[PDB]
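Descriptive structure summary
One-letter residues, chain by chain:
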Amino acid sequence: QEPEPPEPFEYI
Amino acid sequence: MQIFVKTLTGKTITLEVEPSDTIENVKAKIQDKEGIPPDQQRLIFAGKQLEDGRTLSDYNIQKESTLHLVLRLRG
Amino acid sequence: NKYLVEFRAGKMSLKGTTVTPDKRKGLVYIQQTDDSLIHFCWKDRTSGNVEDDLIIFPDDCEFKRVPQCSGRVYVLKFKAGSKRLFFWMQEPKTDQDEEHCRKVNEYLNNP
């Protein structure tokens, strides 16, 4: 089955 | 400011432009150096085909940037 | 007309310093047009809408995994980080993630 979206994350 | 235009054949052209110049003006400056009509020129930067009536500032094109020049004929 | 590389993937969006997923089912692909130019594209697998279509030349960009997330997040990053497009893989298995990344870089930087 298809993966769920990842959780938001911080990008610096 | 100085920007560069590089062709698919690797030729490099240097231009003097202003941030407020339109893409069509840039094509005119290429014509003045190379003799290519503006309507035969495609200019591409950072993945986008640059639209004739937008300015260099609209695309956040800065001094010393290189634009890609693709002609419309002969691949 | 056939895609040079394709793989299921969704989009993400960066605001401030936070990257948040778009929930849509999507497809990243590379395609050469009849005028020989190389395009990096993203299309909505549900509606079929091609939402991103970039014309790419060698040394414009690199496609690289984002360790910050592992959520299988990849970014297409343009020269001097002028532009970043974020994606999350949607293939059910991870076994081809790295090879898809290698192929994207190969076709964009040596087509």
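Residues numbered from 1 in each chain as written, not as in the entry; some residues may be left out. Chains lettered and ligands numbered in written order. Heavy atoms only, no water. Residues with missing side-chain atoms left out of burial classes, pairs and counts.

This entry, as listed in the PDB, derives from X-ray crystallography and reports a resolution of 1.76 Å.

1. Here's the deal with the side chain of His39 of chain C
All names here are of chain C. Short version of the rule: Here a strand is any run of E in DSSP of at least two residues, a helix any run of H or I of at least four, and the numbering for each starts at the N terminus. Polar contact criterion, stated in full: a pair of N or O atoms within 3.5 Å, where within protein one must be able to donate a hydrogen and the other to accept it, and residues adjacent in sequence count only if both atoms are side-chain atoms.
For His39, the location among the structural elements is in strand β4 (residues 38–44). Only 3.0 Å separates the side chain of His39 from the side chain of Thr33, close enough to count as a polar contact. A distance of 2.6 Å separates a polar atom in the side chain of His39 from a polar atom in the side chain of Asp53.

2. Observations regarding the pairing of strand β1 (residues 2–7) of chain B
Residue and element names in this part refer to chain B. Rules: Partly exposed residues are those whose accessible area sits between 20% and 50% of the maximum for their type, while under 20% is buried and over 50% is exposed, using a 1.4 Å probe and protein chains only. Strands are treated as partners if at least two bridges between them are detected by DSSP.
Of the two faces of β1, the one lined by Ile3, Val5 and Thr7 is fully buried and the one lined by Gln2, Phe4 and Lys6 carries no buried residue. In terms of strand pairing, β1 meets strand β2 (residues 12–16) through 5 bridges, oriented antiparallel. Pairing of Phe4 across the sheet is with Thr14, part of β2. The pairing of β1 with strand β5 (residues 66–71) spans 4 bridges and is classified as parallel. Bridge pairing in β5 places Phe4 opposite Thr66.

3. Digging into the interface of chain C and chain A
For the record, the criterion: Contacts were defined at the residue level, with two residues in contact if any of their heavy atoms lie within 4.5 Å. Buried area adds together the accessible area that both of two parts lose upon being put together, with accessible area traced by a 1.4 Å probe. The salt bridge definition used is simple: a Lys or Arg side-chain nitrogen within 4 Å of an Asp or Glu carboxyl oxygen. Three classes are used: nonpolar for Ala, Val, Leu, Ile, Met, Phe, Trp, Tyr, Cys and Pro, charged for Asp, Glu, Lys and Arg, and polar for all others, with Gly counted as polar.
Of the residues lining the interface, 24 residues belong to chain C; the matching set on chain A comes to 10 residues. Around 1400 Å² of area is buried between chain C and chain A when both sides are counted, 66% of it from carbon and sulfur atoms. When the area that chain C buries against chain A is broken down by residue, the three leading residues are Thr17, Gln68 and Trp88 of chain C, summing to 30%. Where chain C meets chain A, there are 2 salt bridges. Two residues, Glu2 of chain A and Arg45 of chain C, come together in a salt bridge whose shortest N-O distance is 2.7 Å. Between chain C and chain A we count 6 residue pairs in polar contact in total. Elements with a contribution of two residues or more to the side of chain C that touches chain A: β1 (5–15), β2 (18–21) and β8 (84–89) of chain C. The class makeup of the residues in the side of chain C that touches chain A is 11 nonpolar, 6 polar and 7 charged.

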